[PDB]
Enquirer: 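The structure is given below, and queries will be raised subsequently.
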Amino acid sequence: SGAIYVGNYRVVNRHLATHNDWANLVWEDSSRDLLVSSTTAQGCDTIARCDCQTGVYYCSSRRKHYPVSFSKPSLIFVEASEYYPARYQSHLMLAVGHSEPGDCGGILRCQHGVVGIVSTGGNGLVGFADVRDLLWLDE
Ligand SMILES: COc1ccc(C#N)cc1NC(=O)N1CCC[C@H](C(N)=O)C1
Ligand SMILES: [Zn+2]
């Protein structure tokens with residue numbers, strides 16, 4: 001679990017979105033595993049606007065933050081799950097690191113701010129859904 005709070009927006013994994021997220025829907029993209037809903041309270045997270053390939057992520061299954069090198073956002077094949085059939089997920093970045101399904105939503109940050117959230121994993125790899133291209137989150 002986990003979300004990014006920026007301005008009047010809440011960013012979450014689309015597969016973990018609540019009834020409230022869907023009733024206050026702004027945008028969602030199944031191919032990116034993202035959903036953005038509106039909030040009544042103002043968010044203070046800073047979104048990074050960069051091409052950083054190093055950062056730190058929070059791993060709830062270990063109660064620890066880990067430093068990682070990660071790939072550039074791209075289309076990566078993702079195994080079928082209870083939420084999606086087998087498919088390419090876009091805007092995904094992989095790193096060598098620990099993750100379990102409940103780790104989705106953990107923030108990945110660089111010196112510039114929030115880069116994305118945990119979205120996939122398996123076999124000692126962790127995947128992050130990028131949010132740096134969503135320029136509208138700031139306005
Ligand atoms: C952090 O996720 C994991 C980590 C480890 C393992 C293990 N065994 C499995 C996962 N789950 C995972 O990758 N999923 C399930 C939820 C939807 C995700 C998606 N974006 O399509 C794909
Ligand atoms: Zn950066």
Side-chain angles (χ1 to χ4, degrees):
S1 54
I4 305 163
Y5 293 97
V6 52
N8 286 321
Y9 299 124
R10 162 170 142 97
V11 192
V12 280
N13 294 92
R14 191 191 185 275
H15 72 275
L16 296 181
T18 69
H19 288 313
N20 190 56
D21 285 317
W22 279 100
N24 295 287
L25 178 67
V26 169
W27 168 83
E28 54 77 28
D29 188 341
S30 193
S31 78
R32 296 179 64 156
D33 185 42
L34 292 181
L35 180 143
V36 177
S37 61
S38 53
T39 65
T40 59
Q42 210 74 34
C44 291
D45 290 321
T46 286
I47 310 290
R49 300 304 180 190
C50 64
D51 74 347
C52 274
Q53 281 190 247
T54 72
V56 176
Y57 78 107
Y58 180 66
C59 171
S60 68
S61 66
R62 284 291 180 275
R63 285 186 200 135
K64 277 173 164 71
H65 298 259
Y66 290 102
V68 280
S69 292
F70 55 91
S71 63
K72 289 198 171 168
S74 69
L75 276 174
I76 292 163
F77 199 79
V78 180
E79 280 284 356
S81 69
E82 39 179 346
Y83 318 101
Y84 302 104
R87 77 215 208 279
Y88 289 103
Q89 173 164 317
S90 63
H91 297 267
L92 191 60
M93 301 173 290
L94 296 183
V96 172
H98 179 73
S99 70
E100 295 171 36
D103 284 327
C104 285
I107 283 171
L108 174 60
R109 299 181 71 93
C110 64
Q111 60 188 112
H112 308 108
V114 173
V115 174
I117 54 171
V118 175
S119 177
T120 75
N123 302 314
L125 298 160
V126 54
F128 308 97
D130 189 40
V131 297
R132 303 177 279 182
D133 67 315
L134 306 175
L135 308 188
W136 54 269
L137 291 178
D138 283 322
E139 52 227 33

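Just so you know, ligand 1 is whichever comes first in the structure, and atom 1 is the first atom listed for that ligand. The first residue in the sequence is number 1, and the count goes up from there. No hydrogens, no waters, no symmetry mates; every other heavy atom, side chains included, goes into these values.
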Enquirer: Can you confirm whether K64 sits close enough to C59 that some side-chain heavy atom of one is under 4.5 Å from a side-chain heavy atom of the other?
Expert: no
Enquirer: With only distance considered, is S81 within less than 3.5 Å of ligand 1 through an N or O on each side?
Expert: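 Looking only at distances, the answer is no, because the N/O contact criterion of under 3.5 Å is not met.
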Enquirer: Ignoring angles and geometry beyond distance, decide whether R87 reaches within less than 3.5 Å of ligand 1 through its nitrogen or oxygen atoms.
Expert: yes
Enquirer: Measure the distances from the heavy atoms of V78 to every atom of ligand 1 and state whether one is below 4.0 angstrom.
Expert: yes
Enquirer: Are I47 and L134 side-chain neighbours, meaning at least one heavy-atom pair lies under 4.5 Å?
Expert: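 A side-chain contact is absent here, since even the closest heavy-atom pair is not under 4.5 Å.
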Enquirer: Any heavy atom of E79 closer to ligand 1 than 4.0 angstrom?
Expert: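 It does not; every heavy atom stays at 4.0 Å or beyond.
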Enquirer: Provide, to 0.1 Å, the distance between atom 14 (N) of ligand 1 and the closest protein heavy atom, together with that atom's residue and name.
Expert: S119 O, 4.3 Å
Enquirer: Between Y66 and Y57, how do the two ring planes meet: parallel, tilted or perpendicular, split at 30° and 60°?
Expert: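 Tilted.
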Enquirer: Nearest protein heavy-atom contact for atom 1 (C) of ligand 1: which residue, which atom, what distance?
Expert: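 Answer for atom 1 (C) of ligand 1: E100 O, 3.2 Å.
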Enquirer: Any idea which protein heavy atom is nearest atom 5 (C) of ligand 1, and the distance to it?
Expert: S99 O, 3.3 Å
Enquirer: Quick one about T120 and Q89 (side-chain donor to acceptor, distance below 3.5 Å, no hydrogens or angles considered), yes or no?
Expert: no
Enquirer: Side chains of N13 and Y83: any donor to acceptor distance under 3.5 Å?
Expert: no
Enquirer: Within the structure, does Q89 bring an N/O atom to less than 3.5 angstrom of an N/O atom in ligand 1?
Expert: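 So ligand 1 has an N or O lying under 3.5 Å from an N or O of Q89.
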Enquirer: For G121, is at least one N or O under 3.5 Å away from an N or O on ligand 1?
Expert: yes
Enquirer: For atom 7 (C) of ligand 1, what's the nearest protein heavy-atom neighbour? Residue, atom name and distance, please.
Expert: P101 CD, 4.3 Å
